[PDB]
Amino acid sequence: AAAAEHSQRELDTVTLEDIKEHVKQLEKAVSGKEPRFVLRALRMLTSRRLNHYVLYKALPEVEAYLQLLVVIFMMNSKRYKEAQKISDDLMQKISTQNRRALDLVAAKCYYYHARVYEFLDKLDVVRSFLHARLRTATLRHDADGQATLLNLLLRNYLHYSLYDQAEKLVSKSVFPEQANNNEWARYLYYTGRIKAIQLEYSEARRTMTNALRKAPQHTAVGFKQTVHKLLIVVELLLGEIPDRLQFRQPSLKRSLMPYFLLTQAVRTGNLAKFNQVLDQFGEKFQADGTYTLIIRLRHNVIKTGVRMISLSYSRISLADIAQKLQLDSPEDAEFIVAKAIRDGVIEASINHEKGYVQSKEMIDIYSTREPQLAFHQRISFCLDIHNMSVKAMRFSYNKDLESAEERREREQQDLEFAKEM
Amino acid sequence: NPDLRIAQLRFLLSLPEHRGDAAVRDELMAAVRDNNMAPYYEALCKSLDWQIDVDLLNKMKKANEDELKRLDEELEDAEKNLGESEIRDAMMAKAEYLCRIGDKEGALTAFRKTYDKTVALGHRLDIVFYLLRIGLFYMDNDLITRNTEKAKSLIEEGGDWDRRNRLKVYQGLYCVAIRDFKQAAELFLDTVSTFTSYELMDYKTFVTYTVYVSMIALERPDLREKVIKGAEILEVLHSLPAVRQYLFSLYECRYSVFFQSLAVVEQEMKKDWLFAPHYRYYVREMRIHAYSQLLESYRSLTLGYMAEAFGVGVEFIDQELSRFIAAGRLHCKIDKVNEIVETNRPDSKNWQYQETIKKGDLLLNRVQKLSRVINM
Amino acid sequence: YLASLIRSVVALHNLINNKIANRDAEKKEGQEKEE
Amino acid sequence: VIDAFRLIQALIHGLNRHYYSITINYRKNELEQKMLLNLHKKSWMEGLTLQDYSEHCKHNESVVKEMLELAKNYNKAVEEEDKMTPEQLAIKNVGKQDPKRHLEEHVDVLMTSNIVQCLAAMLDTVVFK
Amino acid sequence: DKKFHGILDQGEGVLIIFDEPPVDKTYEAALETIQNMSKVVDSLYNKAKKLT
Amino acid sequence: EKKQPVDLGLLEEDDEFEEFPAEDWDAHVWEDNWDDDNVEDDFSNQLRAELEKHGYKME
Amino acid sequence: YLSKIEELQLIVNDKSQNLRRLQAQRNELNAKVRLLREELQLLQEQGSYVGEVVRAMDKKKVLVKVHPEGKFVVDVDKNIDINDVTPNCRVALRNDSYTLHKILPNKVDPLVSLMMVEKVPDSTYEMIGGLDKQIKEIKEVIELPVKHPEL
Amino acid sequence: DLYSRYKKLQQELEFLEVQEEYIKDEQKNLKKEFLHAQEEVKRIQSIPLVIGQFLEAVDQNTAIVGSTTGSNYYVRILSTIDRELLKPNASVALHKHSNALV
Amino acid sequence: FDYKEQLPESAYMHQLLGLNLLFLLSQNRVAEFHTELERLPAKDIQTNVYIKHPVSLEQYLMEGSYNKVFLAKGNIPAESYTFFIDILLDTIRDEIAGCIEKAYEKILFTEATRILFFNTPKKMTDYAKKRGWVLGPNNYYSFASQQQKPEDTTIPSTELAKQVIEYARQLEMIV
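Notes on the structure follow.

### Thoughts on the overall build of chain D
And then number 1: Helix and strand counts for chain D stand at four helices and two strands.
And then number 2: Reading chain D from its N terminus to its C terminus gives the helix and strand order β-β-α-α-α-α.
And then number 3: The C-alpha atoms of chain D give a radius of gyration of 27 Å, which is well past the 14 Å a tight globule of 129 residues would have.
And then number 4: Once the C-alpha set of chain D is aligned to its principal axes, its extents read approximately 70 × 60 × 20 Å.

### Digging into the interface of chain H and chain G
And then number 1: Between chain H and chain G, the residue contacts involve 35 residues of the former and 36 residues of the latter.
And then number 2: Taken together, the elements giving at least two residues each to the side of chain H that touches chain G come down to α1 (2-5), α2 (8-40), β1 (52-59) and β3 (73-75) of chain H.
And then number 3: Here the side of chain H that touches chain G takes 15 residues from α2 of chain H, the largest share from any one element.
And then number 4: When its residues are assigned to classes, the side of chain H that touches chain G shows 17 nonpolar, 10 polar and eight charged.
And then number 5: Two strands pair when backbone bridges link them, and strand β1 (residues 48-49) of chain G and β3 of chain H are joined in this way by two bridges, in the antiparallel orientation. Residue pairing in the sheet places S48 of chain G in a bridge with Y74 of chain H of β3 of chain H.

### Some thoughts on the arrangement of the chains
And then number 1: The structure contains 19 pairs of chains in contact, of which chains G and H account for the largest number of contacts.
And then number 2: No part of chain D reaches chain G; the closest C-alpha pair between them is 10 Å apart.

### What about the sheet that holds strand β4 (residues 71-74) of chain G?
Residues and elements named next belong to chain G.
And then number 1: The antiparallel open sheet is built from three strands, whose spatial order is β2-β3-β4. Looking at which strands have only one partner, the edges of the open sheet turn out to be β2 (52-55) and β4. Averaged over all pairs of adjacent strands, the angle between strand axes in this sheet comes to 35°, irrespective of strand direction.
And then number 2: Here β2 pairs with strand β3 (residues 62-65) via three bridges, running antiparallel. Each bridged residue has a counterpart across the sheet, and for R55 the counterpart in β3 is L63.

### Concerning the pairing of β3 of chain G
Residue and element names in this part refer to chain G.
And then number 1: The turn joining β2 and β3, which pair antiparallel and follow one another in sequence, is formed by six residues; a positive phi near 85° is taken by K59.
And then number 2: Summarising the sheet, β3 and β4 pair through four bridges and their orientation is antiparallel. Across the sheet, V64 pairs through a bridge with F72, a residue of β4.
And then number 3: Linking β3 back to β4 in an antiparallel pair, the connection comprises five residues.

### Focus: the packing of helix α1 (residues 12-26) of chain I against helix α2 (residues 30-39) of chain I
Residues and elements named next belong to chain I.
And then number 1: It is the contact of α1 with α2, at a shortest axis distance of 8 Å, that shows an interaxial angle of 155°. The angle between α1 and α2 falls in the class roughly antiparallel. The two elements α1 and α2 cross, and the hand of that crossing is left-handed. Across the interface between the two elements, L21, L24 and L25 from α1 touch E32, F33 and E36 from α2.

### Examining the interface of chain G and chain A
And then number 1: On the side of chain A, 12 residues touch chain G, which itself brings nine residues to the contact.
And then number 2: With six residues, helix α2 (residues 15-36) of chain G is the largest single contributor of residues to the side of chain G that touches chain A.
And then number 3: Of the residues that constitute the side of chain G that touches chain A, the class distribution is two nonpolar, two polar and five charged.

### A short note on the sheet that holds strand β3 (residues 139-141) of chain I
All names here are of chain I.
And then number 1: Taken together, the three strands give an open sheet; going across it, the order is β1-β3-β2, and neighbouring strands pair in antiparallel fashion. Each edge of the sheet is formed by a strand with only one pairing partner; in this case those strands are β1 (106-108) and β2 (135-136).
And then number 2: As paired elements, β1 and β3 share three bridges and run antiparallel to each other. The residue of β3 that forms the bridge with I107 is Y140.

### What to know about the pattern of salt bridges
And then number 1: Note that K139 of chain G and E86 of chain B form a salt bridge whose closest N and O atoms lie 2.5 Å from each other. Linking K139 of chain G in helix α5 (residues 132-147) with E86 of chain B in helix α5 (residues 84-100), this pair reaches from one chain into another.
And then number 2: Ionic contacts of the salt-bridge type, sharing partners, join the residues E86 of chain B together with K139 and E143 of chain G into one network.

Calculation rules
- Residues numbered from 1 in each chain as written, not as in the entry; some residues may be left out.
- Chains lettered and ligands numbered in written order.
- Part of a larger assembly, values for the part shown.
- Heavy atoms only, no water.
- Residues with missing side-chain atoms left out of burial classes, pairs and counts.
- Helix = DSSP H or I, 4+ residues; strand = E, 2+ residues; numbered from the N terminus.
- Rg over C-alpha atoms; globule rule 2.2 N^0.38 Å.
- Contact = heavy atoms within 4.5 Å.
- Nonpolar A, V, L, I, M, F, W, Y, C, P; charged D, E, K, R; others polar.
- Pairing = 2+ DSSP bridges.
- Axes fitted to C-alpha atoms, helices over the stretch in contact; angles between N-to-C directions.
- Parallel < 35°, antiparallel > 145°, perpendicular 65-115°, else oblique.
- Left-handed = near helix turned anticlockwise from the far one by under 90°.
- Salt bridge = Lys/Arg side-chain N within 4 Å of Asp/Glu carboxyl O.

Rendered as structure tokens:
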């Protein structure tokens, strides 16, 4: 039956990149499993040890792989007891595995190892290992396993509350090439995130945008749903409203409602509505950590309030602004607006004794400097997109040789004939 | 046909409710009976959520089985006595019958295979017209864009200007079915000269649409030129008493009233389908225009002048302009301290710049997106 | 902003064509590897 | 083309029969060449010269416009040829003018011509003061 | 009616006239080009999904 | 590759709302977007434009 | 390990073997181009004579009337049959060799040419109202007679 | 084994260097030449040729033209022939004995 | 923060943490501060009970000030961070000052007292002298206004050219 594929997957045991292909179908090789089918590996094979292991649960280059099949078997079987214990025995063996090809195989392994895990002994005792061989493999120069492991420990720091440790972690990190775009986006995701929590937004949008690009599609939804959640947040904090065509894309539109209820709060610049909404959806926003990002917006909302009150009025008595923004005192106002001015938002001045804001003009109509930068930046993008496509596109290249000898001879003959004539 | 009206009334029943349980619903059902329809009855019941009389459904399906049986049989007799141009016709009655039975896929396939025949033009073209017709009926989109391209070719080759006009009526109505009113302007506005395609709706309805969209997306001197001075409208625009009253109110600087008729017609759009939720886009815009048109002759004017004109309170008026100013959709700016409003003219560049960048970004996002795909 | 841009489109289109040649190529080669 | 030779296509006249070919080379000097280099050089006051702007604008407005009509051409060729081969291709493109070499070639002028003009100004403003 | 491009100031009883002539053609053709391209991209991708 | 993606998705979450969304999983898009916002304003305005002016009639 | 793993660090350098890999092709491609324009002297080799095949025969040699001159019975190219060669079709004749260089595509047909010269409106039914009974009769006398002569 | 292999590889590292740096050379000297072969062939055009009207093109780099002398041949078209401009019957520049389309 | 229930209790926590955050504000280290927020991310954390003092204290100066100053008065339910108060207080005023310098050139002295939260009239010109503000009989000038200069002449052609050059490299190097 289906175990043939497991044997066919073993036909990928020849050498090198076969494993890659071997893994691909093996991704879906876990569709069918039986405990008796487990005995298949018992018949497939050290051998005695393997058999013993199989019994407990319920060539080497494929030994690690069949251990993968054991993990997959257990984890997917819900049973954590044997699954958990097995990992400790399987993870160790495969880990210390004095093989280079095995590192690639173990990544799928580590990907599960952390996963099922719960706490300290897993966050802490299991983390010390991931960093250990992380260094080992780092010297072993296996790109894939490295990147994966790095991602796992990052995800650990963020299951924890420690952004700094992960940040300075990045500071000493160099990431490698040859990757899997999914892992690549896992990285860019975590990166963008911690990069954001530290307040620096404008570089977070970058890494998360890449997390959108480099991510695959098929059905990899929840990652997109989640990220976007962070995407919308960053776009919002940075002060740039996202377009509706965002809150309505796919099945995720049912989870983005909170953020779709934030922008309606933010764009309007009405604080009370905002706050009320935060109370409304708070619990919903806590299931991820986007919350404490969102609670920062109280600044941005008010910025918006001020900027709108400015564009729509040439001069306003402080009284009225304080009424539109619901705030307690005028004295509060001119602190807020005095602040807005310094930030290059309003371009006004304030008449204090009469207490009304009076507002700057668009003499800055055709700045010319603005559009230029935007234009310049764009051009570099088109170029790169044209350079990368010329360096990649540039790769059935063979079977070359015009001219000829047979024909040449014929030509010569013809010439000779002509001469004779 | 299939008669659109079924669909329009269906949408009517959907409405914000409104229930009712009035003319509409029983109008529909009444045209289920005489139409022995089915694919609705489950489709509609599952949508509206109000099924009953499992017997009626069975009767309708039965008679349907009878006639589909019959047409199938007729076709069988042709296969032995073809009758090329004939066979295709019995098919046209087949898929057509799927239209009376309002089943999409079926008439679809039926028609298609009839194209492999068809051969002529009215069959290979007009049949397509009906195929898309279904599109209009279901509230689809692409299903049409791909067929209006087909007919487009069939007309570009030869044909005449009689089919091209219906065609522009369909394309136009479609354009209205989206936010694309500009394209519908010229299309529909030019559809007044000829309109044999009563298939969809009557003439005065159409009239109200072409006048609506015209008022919306035409310039002031070309409004006066192509609509206010519409030989085909004067006789019709006298037949009505709503849109026209608004159209005139604008053109002639009689604002304050313009508003009332505007609200009226708005309350008449949410009822239609071609607009559905566009009733919110239309009025928004029709607010701006007037505000725009009112200022254009002033470098400064006082609120109370405006509010007085339109006949609303200041505070509400200010509150309205505040919507349009920050978006640079209106070249005003306000001074509330003195209750005054001055107008800052815009620069051509400022317009395109904002538009160019927006467009460029849309193309960039699409370029990159699919870039990565083809890259991997 | 137009020249550079549209030009990039032209490279992109060309890249697409290349991927077409490769895809078709491996299909026929791997085909032949049968016999 | 040059030929030097002495007695005893061309074989019709007995290249080798009545006469025979020789070989040729050229005595040179590092200067000679140096004169010749300036052959396809420019002028002096050149490099700082800024062609009539207004007139230039027409190239970008007129050039871009001409391209616009092409933009659709490229669209129609991709949506069409999208479903064909190269032999069928020769029938299409030996006939008419594919808009591919037009957009790429057309962009060439706008690119460099604009960059030179943009660059020239950048220097005249700062330099000449 | 867009005849002469100016504006009335009723405060001072004045009439201003302007000399408009900025609606630039270049930028217009550039925007139009973006439209034709935005159609070509879609059609280009319509072949990619098929070749990929 | 798809499997890898799926795995990544799984790691990032599960999820609660995401699962529900998936279960729910249509429609179109029309052309362009922004900004929707609230509704029932225009007539509301007129309802008030009356009332306003009616209040101003009351004025 | 010390020097052991060392070999790996440099062993992976094989990456440079591929890029150059991209080079060769990338480089070999030019060589064809630069060399391709060298055989341009080929254009000088000679010319090609289109011809009008009268018909083929036995003994192996196509019977042909070229163009200005007249009929020649001449051998074919080895790359074509005698059988794949029909009557009324263009084919590259080796100019001086007066053997088939290759067989050009299409011939143009004569009956089609006659029909073109006549130019008799290509009319589809759906455009003649008031001509059914006839049509029926016509169908009876033509369409039916052909569709199913078995009737 | 290393002192024979780990050391015998350094050569290799240079092989890619010996060739990696030279490889660019062929790319570079080819491009300059690329302009030569294109220009050098200019002679093909000459000056005293025999105008012909274009007829049909069998396919890529070929076609049948008419000779003003009454000949009508399958001839070869120079890579330069800015094709696009090849309606259905052009007055055409013909090489004489190479007899091909200039 | 270590796994335990009897280990993390001491209310010296609740006061101490808040004290720490407030320290971070006092030193104007915002990075460290928000990093700490992400750390503490105490899920089962109602509103912020005591901890709203430093948080809220931060959010409001993300903008307004009057609300913040109010927080300064509300720490006296608190500890020696009063000293920090006297830090933060000054740390705010310069801001307003540094704000109002560019805001508008003209203030009546009583209004400066209104802004900077003085309970004294003389503390004003104390501060303004310390700020070097020329004062005219209760009415201060902050001139110059602005030097809307740099009409582009150094990075307009010297940068773009290289840009151009680059761009053209971007065009050239593209090979």
